[PDB]
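Whatever order the structure lists them in is the order used to number ligands and atoms, beginning at 1. Nothing fancy with the numbering, it's 1 onward along the sequence.
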Amino acid sequence: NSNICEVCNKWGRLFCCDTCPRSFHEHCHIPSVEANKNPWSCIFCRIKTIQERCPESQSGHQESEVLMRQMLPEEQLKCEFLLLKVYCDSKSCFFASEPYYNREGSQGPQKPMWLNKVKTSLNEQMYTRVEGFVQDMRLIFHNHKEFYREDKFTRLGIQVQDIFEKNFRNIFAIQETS
Ligand SMILES: [Zn+2]
Ligand SMILES: [Zn+2]
Ligand SMILES: [Zn+2]
């Protein structure tokens, strides 16, 4: 196994996958690392198994069809993994916890949103369709763009949104276009 957490790249108390070399902190893995389960398989492995069981799941899809899917177990897992892929980027720190807004010339967003809120919402099964999860994720970055305006800090929202979007297209096998 690896000697650092796959998500945050730090050592510490790690849980090791039994079917690949990755390791995780307890609350870095999504879902949080399961109490027992021997052997234990991480989310990367669980996602790889879905693909292997249904190879045609990698054929191209339309985003509109994906967003309307109900959050059955496999869609729940894919949203978990997509959220995890965002936390894997160190720039996710800016978007993890509950923000506050007091900048001369700007007003805070009507609907604040942050990664740990989306994490909670997933854990509590609050999304009935994929669309709920993707809307809240895209709202994080949109709120950041609107608030920071012409400050160059706006770029952090662009950067982390790009990671989100690339991974959304990968995980849900969105049809490639020009
Ligand atoms: Zn970690
Ligand atoms: Zn694994
Ligand atoms: Zn099949």
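A salt bridge is absent between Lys117 and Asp136: the closest approach of a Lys/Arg side-chain nitrogen to an acidic carboxylate oxygen does not fall below 4.0 angstrom. A salt bridge is defined here as a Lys NZ or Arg NE, NH1 or NH2 lying under 4.0 Å from an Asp or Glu carboxylate O, and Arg138 with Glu165 meets this definition. Using a 4.0 Å cut-off between charged side-chain N and carboxylate O, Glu65 and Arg69 make a salt bridge.
Under 3.5 Å, the side chains of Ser2 and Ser23 contain no donor-acceptor pair of N or O atoms.
Hydrophobic clustering places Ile171 together with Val160 (ILVMFWY residues linked when any side-chain heavy atoms are closer than 4.5 Å, directly or through intermediates).
Checked by atom type and distance alone, the side chain of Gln125 never pairs as donor or acceptor with a backbone atom of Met71 at under 3.5 Å. With hydrogens and angles disregarded, no donor-acceptor distance shorter than 3.5 Å links the side chain of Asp18 to the backbone of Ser41. For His61 (side chain) and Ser59 (main-chain N/O), a donor-acceptor pair under 3.5 Å exists by modelled atom type.
The N, O or S atom of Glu56 lying closest to the Zn ion (ligand 3) is OE2.
Considering only residues two or more places apart in sequence or on other chains, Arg46 meets the salt bridge (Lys or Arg N to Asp or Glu O under 4.0 Å) condition with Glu34.
Residue pairs meeting the ring pair (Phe, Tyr, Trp, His ring centres under 6.0 Å) criterion with at least one member in residues 88-108, sequence neighbours excluded, are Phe94-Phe153, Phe95-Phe141, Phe95-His144, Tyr101-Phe147.
For the Zn ion (ligand 2), the set of protein N/O/S atoms nearer than 2.8 Å consists of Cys17 SG, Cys20 SG, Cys42 SG, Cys45 SG, ordered by chain and number. Neighbouring protein atoms of the Zn ion (ligand 1) (N, O or S, distance under 2.8 Å, waters ignored): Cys5 SG, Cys8 SG, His25 ND1, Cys28 SG.
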